[PDB]
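First comes the structure, then the notes that go with it.
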Number of protein chains: 2
Amino acid sequence: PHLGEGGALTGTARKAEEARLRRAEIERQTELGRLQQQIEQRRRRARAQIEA
Amino acid sequence: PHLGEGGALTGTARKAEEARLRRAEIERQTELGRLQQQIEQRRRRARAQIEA
């Protein structure tokens with residue numbers, strides 16, 4: 001059975017929709033990872049400054 | 001007995017020399033105190049910055 005919104009999709013369209021969902025959710029994960037790395041950088045400067 | 005350099009001093013000159021010695025040594029003490037207060041100030045900024 002077709003799972004997810006826009007269930008009318010069938011055939012090649014179903015695979016295309018699956019690929020699009022994978023791409024978008026992957027890039028959302030990349031967004032969150034980049035924010036985490038940003039906070040990483042800020043904390044590094046903070047405690048290095050404390051060391052000085 | 002006269003104690004200290006320039007023992008030839010006698011009479012009013014002895015009291016004057018004593019007063020001059022007192023003044024100079026007092027001002028040396030003031031010098032050292034001011035340096036200690038300076039280091040005081042530097043340490044205050046240092047650890048306040050650490051707190052931030």
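As shown in the structure tokens, the chain order sets the letters A, B, ...; within each chain, residues go from 1, and ligands are also counted from 1 in the order they appear.
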Just fit chain A onto chain B on all the Cα atoms, in order, by least squares, and give it as a PDB file with C-alpha atoms, in the first residue's frame.
ATOM      1  CA  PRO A   1      74.927  57.234  70.222  1.00  0.00           C
ATOM      2  CA  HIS A   2      74.263  58.446  66.691  1.00  0.00           C
ATOM      3  CA  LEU A   3      73.041  55.592  64.484  1.00  0.00           C
ATOM      4  CA  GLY A   4      72.912  55.670  60.707  1.00  0.00           C
ATOM      5  CA  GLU A   5      75.041  57.144  57.951  1.00  0.00           C
ATOM      6  CA  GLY A   6      76.285  60.701  58.308  1.00  0.00           C
ATOM      7  CA  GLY A   7      76.816  60.420  62.049  1.00  0.00           C
ATOM      8  CA  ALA A   8      78.508  63.826  62.118  1.00  0.00           C
ATOM      9  CA  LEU A   9      75.037  65.394  62.310  1.00  0.00           C
ATOM     10  CA  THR A  10      74.252  66.799  65.754  1.00  0.00           C
ATOM     11  CA  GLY A  11      71.617  68.998  67.345  1.00  0.00           C
ATOM     12  CA  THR A  12      68.735  70.075  65.126  1.00  0.00           C
ATOM     13  CA  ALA A  13      70.391  68.383  62.147  1.00  0.00           C
ATOM     14  CA  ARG A  14      69.917  64.970  63.770  1.00  0.00           C
ATOM     15  CA  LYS A  15      66.161  65.517  64.133  1.00  0.00           C
ATOM     16  CA  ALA A  16      65.974  66.841  60.568  1.00  0.00           C
ATOM     17  CA  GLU A  17      67.774  63.754  59.248  1.00  0.00           C
ATOM     18  CA  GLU A  18      65.450  61.479  61.228  1.00  0.00           C
ATOM     19  CA  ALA A  19      62.404  63.235  59.767  1.00  0.00           C
ATOM     20  CA  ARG A  20      63.809  63.011  56.232  1.00  0.00           C
ATOM     21  CA  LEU A  21      64.474  59.284  56.643  1.00  0.00           C
ATOM     22  CA  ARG A  22      60.939  58.745  57.934  1.00  0.00           C
ATOM     23  CA  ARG A  23      59.439  60.633  54.990  1.00  0.00           C
ATOM     24  CA  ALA A  24      61.480  58.777  52.368  1.00  0.00           C
ATOM     25  CA  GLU A  25      60.859  55.291  53.774  1.00  0.00           C
ATOM     26  CA  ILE A  26      57.142  56.088  54.108  1.00  0.00           C
ATOM     27  CA  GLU A  27      56.992  57.084  50.453  1.00  0.00           C
ATOM     28  CA  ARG A  28      58.807  53.883  49.462  1.00  0.00           C
ATOM     29  CA  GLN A  29      56.083  51.988  51.326  1.00  0.00           C
ATOM     30  CA  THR A  30      53.528  53.978  49.325  1.00  0.00           C
ATOM     31  CA  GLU A  31      55.298  52.945  46.108  1.00  0.00           C
ATOM     32  CA  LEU A  32      55.048  49.259  46.989  1.00  0.00           C
ATOM     33  CA  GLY A  33      51.412  49.601  48.038  1.00  0.00           C
ATOM     34  CA  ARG A  34      50.488  51.263  44.752  1.00  0.00           C
ATOM     35  CA  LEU A  35      52.134  48.465  42.764  1.00  0.00           C
ATOM     36  CA  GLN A  36      50.220  45.883  44.805  1.00  0.00           C
ATOM     37  CA  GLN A  37      46.949  47.726  44.122  1.00  0.00           C
ATOM     38  CA  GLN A  38      47.800  47.798  40.406  1.00  0.00           C
ATOM     39  CA  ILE A  39      48.195  44.025  40.326  1.00  0.00           C
ATOM     40  CA  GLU A  40      44.929  43.908  42.307  1.00  0.00           C
ATOM     41  CA  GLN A  41      43.184  45.720  39.455  1.00  0.00           C
ATOM     42  CA  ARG A  42      44.633  43.456  36.768  1.00  0.00           C
ATOM     43  CA  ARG A  43      43.540  40.301  38.598  1.00  0.00           C
ATOM     44  CA  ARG A  44      40.039  41.715  39.058  1.00  0.00           C
ATOM     45  CA  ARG A  45      39.579  42.283  35.342  1.00  0.00           C
ATOM     46  CA  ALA A  46      41.052  38.840  34.606  1.00  0.00           C
ATOM     47  CA  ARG A  47      38.648  36.813  36.704  1.00  0.00           C
ATOM     48  CA  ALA A  48      35.631  39.016  35.934  1.00  0.00           C
ATOM     49  CA  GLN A  49      36.309  38.362  32.245  1.00  0.00           C
ATOM     50  CA  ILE A  50      36.517  34.648  33.068  1.00  0.00           C
ATOM     51  CA  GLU A  51      33.106  34.898  34.742  1.00  0.00           C
ATOM     52  CA  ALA A  52      31.574  36.401  31.601  1.00  0.00           C
TER      53      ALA A  52
END
Chain B: which residues are alpha helix (DSSP H) by DSSP, as a tab-separated table (two decimals) with C-alpha atoms, in the first residue's frame?
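Result file is result.tsv:
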chain	number	residue	atom	x	y	z
B	12	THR	CA	68.74	70.08	65.13
B	13	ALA	CA	70.39	68.38	62.15
B	14	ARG	CA	69.92	64.97	63.77
B	15	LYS	CA	66.16	65.52	64.13
B	16	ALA	CA	65.97	66.84	60.57
B	17	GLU	CA	67.77	63.75	59.25
B	18	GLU	CA	65.45	61.48	61.23
B	19	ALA	CA	62.40	63.24	59.77
B	20	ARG	CA	63.81	63.01	56.23
B	21	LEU	CA	64.47	59.28	56.64
B	22	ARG	CA	60.94	58.74	57.93
B	23	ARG	CA	59.44	60.63	54.99
B	24	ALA	CA	61.48	58.78	52.37
B	25	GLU	CA	60.86	55.29	53.77
B	26	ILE	CA	57.14	56.09	54.11
B	27	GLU	CA	56.99	57.09	50.45
B	28	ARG	CA	58.81	53.88	49.46
B	29	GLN	CA	56.08	51.99	51.33
B	30	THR	CA	53.53	53.98	49.32
B	31	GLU	CA	55.30	52.94	46.11
B	32	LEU	CA	55.05	49.26	46.99
B	33	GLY	CA	51.41	49.60	48.04
B	34	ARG	CA	50.49	51.26	44.75
B	35	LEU	CA	52.13	48.46	42.76
B	36	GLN	CA	50.22	45.88	44.80
B	37	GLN	CA	46.95	47.73	44.12
B	38	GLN	CA	47.80	47.80	40.40
B	39	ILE	CA	48.19	44.02	40.33
B	40	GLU	CA	44.93	43.91	42.31
B	41	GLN	CA	43.18	45.72	39.46
B	42	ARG	CA	44.63	43.46	36.77
B	43	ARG	CA	43.54	40.30	38.60
B	44	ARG	CA	40.04	41.72	39.06
B	45	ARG	CA	39.58	42.28	35.34
B	46	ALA	CA	41.05	38.84	34.61
B	47	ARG	CA	38.65	36.81	36.70
B	48	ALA	CA	35.63	39.02	35.93
B	49	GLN	CA	36.31	38.36	32.24
B	50	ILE	CA	36.52	34.65	33.07
B	51	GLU	CA	33.11	34.90	34.74
